[PDB]
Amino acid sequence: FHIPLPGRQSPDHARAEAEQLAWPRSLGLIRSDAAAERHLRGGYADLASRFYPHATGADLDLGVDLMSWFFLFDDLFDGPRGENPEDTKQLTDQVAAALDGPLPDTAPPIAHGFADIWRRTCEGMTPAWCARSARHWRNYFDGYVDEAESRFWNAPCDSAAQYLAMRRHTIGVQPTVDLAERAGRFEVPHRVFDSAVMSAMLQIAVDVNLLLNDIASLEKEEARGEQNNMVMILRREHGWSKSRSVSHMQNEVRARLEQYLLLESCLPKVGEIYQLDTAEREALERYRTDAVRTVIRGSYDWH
């Protein structure tokens, strides 16, 4: 890896991988043997075990379930639904409703799956934590509506800045990191979560994932005529070739990873600034190592 973040994987990964189909199957999310085979080919329990190496048993299963759900949910916007913000919001409203209370049994399977994840996610977490993580979920769903609006008007982004304002929410990294707290039964001190230093660290985590994702998905997205990929956007913004745009993105990933270390080195002083007590310093260290560092490296290793 470009910076010395250790590669990690939950020791309980084999069982979580072997049992991963039971949950989406029970919820109606995988409707056939063919769909199950397709799901296993994604390696989503493997991904979860790298984001959540500190989790085992039911806590790791929740992480596997979140990964499974992310990809099954995203599938629902592959076709015409993703081209229309009214149709996209019709679905995302039904899913996001789970944040406000129970769902009617007529709600779509993907909404019931979300509701079950969110129910488990909130267990043992402070009300203030649940409210914040719910806000992150609503940012995510609103981002899906914004993406469908762009597709509807055939209006792809013309700058990296405009693209990032949307993709930083649809990439789903912040809810992934939120789950790492729940999966580890800890909470980073809330005033430090809000800090400028931690905000920058999290933005790096989000950005590194979305940039690597756009490189990994480039050829598939080119074949579908997708225009909201950082490579295509940089070509429009700067006149660059796609080749120079990829190289720019690679340089940006490396530079941001190096900045991540710098920001990490500020955390001792940040803890002093916010007068963290002993338990709070321990919780911040769990967040740094088990939530932020893991999400930065987990997707890289998964590919």
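For every residue, the number given is its place in the sequence shown, counted from 1.
The mean C-alpha temperature factor is higher for 234-242 when 255-263 and 234-242 are set side by side.
Just going by the entry, 65-73 versus 46-54 on mean CA temperature factor gives the higher value to 46-54.
Per the deposited coordinates, the residue with the largest Cα temperature factor out of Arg224, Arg135, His169, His190 is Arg224. Across the options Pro108, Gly143, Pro175, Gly101, the residue with the most elevated CA B-factor in the record is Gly101. Sort the modelled residues of the chain by CA B factor and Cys157 lands in the highest third. Annotation for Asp87: C-alpha temperature factor in the middle third relative to the rest of the modelled chain, per the entry. Annotation for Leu21: CA B-factor lies in the highest third of the chain's modelled residues. In this PDB entry, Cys130 carries a Cα temperature factor that places it within the middle third of its chain's modelled residues. Ranked by C-alpha B-factor against the other modelled residues of its chain, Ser217 falls in the highest third.
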